[PDB]
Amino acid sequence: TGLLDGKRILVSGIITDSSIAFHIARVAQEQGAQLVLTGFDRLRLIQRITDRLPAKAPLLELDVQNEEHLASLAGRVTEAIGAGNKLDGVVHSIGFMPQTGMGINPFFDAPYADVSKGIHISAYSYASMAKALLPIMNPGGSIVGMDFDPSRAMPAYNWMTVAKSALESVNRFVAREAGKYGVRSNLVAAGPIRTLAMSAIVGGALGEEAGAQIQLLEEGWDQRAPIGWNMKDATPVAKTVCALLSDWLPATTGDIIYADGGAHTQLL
């Protein structure tokens, strides 16, 4: 027992109890992992949420757009897990795109300054995070990031889709670098999940305009999924991420694992 028994995994991206990163952390601990969490901006509020996990764990601040945060990351993580110890896993569950580039706003009306910001946080940070943490990762390690299949365009997602396409490409290169440390790098392309952020997006940025398309688009996942899809349950996704963090997918890297009920393999 204990899928991640005796493993040191840094999990990023927790902002609310609905965050995918929160469920990844939970299942991870339930499987015997010692976690190190990173938060952005409102650390106090994050701490409130994190304290609801199965076990306690170090919470460090990390704004992936801040050079010093990334420059001190390794040292700060080492102080947290104790000198002489290294990380066995890294979870990147960070994403962002201003309303201008994701929602009801026209595709052609997104200022690059906004798009660039979204790509910085959603894609480039996967590499900067890898750079800061690879030096303190043990062989057999695993870096995992969250993705949303951008192989085909769709309503509303717009520039966040572009950001995910960049992410998938960044992951392939991070895998080359990571390989030098005996570490694997992969993405988990999850089906739609009703996280607070997602729920806000779905509605708070479309009203009754795109609300239709997004409703249909959304309903399509469960229809297409041979084993169905429950947008209100992040657990299957969290389990998939822990699977990549374990030693049971030792020959897979620079890849993408789809945790979407099999929806992307079906047309109707």
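Heads up: residue numbers just count along the shown sequence, starting at 1.
For this session: With reference to the PDB entry, specify whether the mean Cα temperature factor is higher for 157-165 or for 68-76.
Result: Higher mean C-alpha B-factor in the PDB entry: 68-76.
Exercise. Once you work out the mean C-alpha B-factor for both 247-255 and 7-15 from the entry, which is higher?
Worked result: According to the entry, 7-15 carries the higher average C-alpha B-factor.
Problem set entry | Candidate residues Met231, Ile227, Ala57, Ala238, the one whose C-alpha B factor the record puts highest | Reading the PDB entry, the winner on C-alpha B-factor is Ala57.
Exercise. Based on what the PDB entry reports, which of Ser116, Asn85, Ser93, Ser151 has the top C-alpha B-factor?
Worked result: In this record, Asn85 carries the highest C-alpha B-factor of the candidates.
For this session: Quick one: classify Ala132 as lowest, middle or highest third of the chain based on its Cα B-factor.
Result: As the PDB entry reports it, the C-alpha B-factor of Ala132 lands in the middle third of its chain.
Problem set entry | Where the record places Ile143 (Cα B-factor, split into thirds across the chain) | For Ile143, whose C-alpha B-factor we compare with every modelled residue in the chain, the answer is the lowest third.
Exercise. Mind checking which third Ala197 falls in for C-alpha B-factor across the chain?
Worked result: For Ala197, the deposited C-alpha B-factor lands in the middle third.
Problem set entry | For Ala190, the third of its chain into which the C-alpha B factor falls | Lowest third - that is where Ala190 ends up once the chain's C-alpha B-factors are sorted.
Exercise. Comparing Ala178 with the other modelled residues of its chain, is its CA B-factor in the lowest, middle or highest third?
Worked result: CA B-factor rank for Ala178: lowest third.
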